[PDB]
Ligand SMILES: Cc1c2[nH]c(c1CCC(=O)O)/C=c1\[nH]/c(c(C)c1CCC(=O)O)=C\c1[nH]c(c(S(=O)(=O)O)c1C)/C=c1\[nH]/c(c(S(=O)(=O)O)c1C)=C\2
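Shown here is one chain on its own, the form deposited without this ligand, set out as structure tokens.
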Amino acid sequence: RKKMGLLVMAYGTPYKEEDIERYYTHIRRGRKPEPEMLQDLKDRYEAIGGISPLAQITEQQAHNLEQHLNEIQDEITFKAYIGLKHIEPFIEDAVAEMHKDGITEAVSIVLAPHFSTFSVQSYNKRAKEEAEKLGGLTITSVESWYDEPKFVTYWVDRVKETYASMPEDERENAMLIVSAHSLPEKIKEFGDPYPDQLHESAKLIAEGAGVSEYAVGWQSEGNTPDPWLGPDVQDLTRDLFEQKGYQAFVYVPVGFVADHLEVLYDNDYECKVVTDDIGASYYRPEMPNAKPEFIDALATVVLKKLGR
């Protein structure tokens, strides 16, 4: 049994209400949010059911993956380490931990299926530079996994169930909106494949579920310096309805893997407000979270990367 480190990286989420300030200050490059901003951020977390369940998902995903990988093959024993971008344990901390435990070989994976220079590449770079600084630790990094058959099927099956559940009439006038986290539009100057990968994910899911009509949109953009990738899901819904009058909208935020704020609020609240206003039905299938089907897809991605 070869010992290998499994570095699972993610954006990060506060652990308790008192972390919101520092968590958002970090995301905003040092600009701590105004008292008024802080206050409603808390309100949003409360509306969605609370903060603590949020961070648990990432930990559960990492541990279930570890446990699953170690059961499906007999050559390697994986040890999972979580490295986050906006709250401890940060990426550097997780790498330092691995080095401390005597890990010399590691494989990394970001919990976001699509690659981006702004996101994934940045995480991978941080993980590798730290390892390099410490020395004696080598890391092979997965860059994207949106096209993993097992991951595509999870969403294909969820879309099928949803379309099957709606009345024939809504089923006749339904629109599938596939989305991911918006990023500054400037990434395109670097030839960033992020937009293309999202569109490809949308094609993969729609075709597998037999959906002829679907659209791609973005959500959760930032503090507008230069424009961010658009169109936003809120605007896209309005637009699409005024044009063809879709009686139902199914949101598949394929860019996200858990029941986090950007799904529970930006979709379940913000998009629902729009559908409620226009009198259309709102549908948003369950996120993969730590579901066995999902953990199996992640294990396969990691095994393929190592050629096992």
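Quick note: we count residues from 1 along the sequence shown, nothing fancier.
The form solved in complex with this ligand is left out here; the points below concern that form.
Asks: Going by heavy atom distances of 4.5 angstroms or less, which of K244, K272, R28, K42 would be at the interface with this ligand in the entry with it bound?
Replies: Only one option qualifies, and that one is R28.
Asks: Give me the residue from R171, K133, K186, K203 that has a heavy atom within 4.5 Å of this ligand in the entry with it bound.
Replies: In short, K186.
Asks: So which stretch, 136 to 144, 218 to 226, 72 to 80, 153 to 161, is the one near this ligand in the entry with it bound (non-hydrogen atoms, 4.5 Å)?
Replies: Of the options given, it is 218 to 226.
Asks: Can you tell me if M37 lies within 4.5 angstroms of this ligand in the entry with it bound, counting non-hydrogen atoms only?
Replies: Contact check for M37: yes, within 4.5 Å of this ligand in the entry with it bound.
Asks: Is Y11 close to this ligand in the entry with it bound, meaning a heavy atom pair under 4.5 Å apart or at it?
Replies: Heavy-atom contact with this ligand at 4.5 Å: present for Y11.
Asks: Flag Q234 as yes or no: does it have a non-hydrogen atom within 4.5 angstroms of any non-hydrogen atom of this ligand in the entry with it bound?
Replies: No, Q234 stays farther than 4.5 Å from this ligand in the entry with it bound.
Asks: With the partner left out here, check for me: in the entry with it bound, does some heavy atom of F190 sit within 4.5 Å of this ligand?
Replies: The answer is no: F190 has no heavy atom within 4.5 Å of this ligand.
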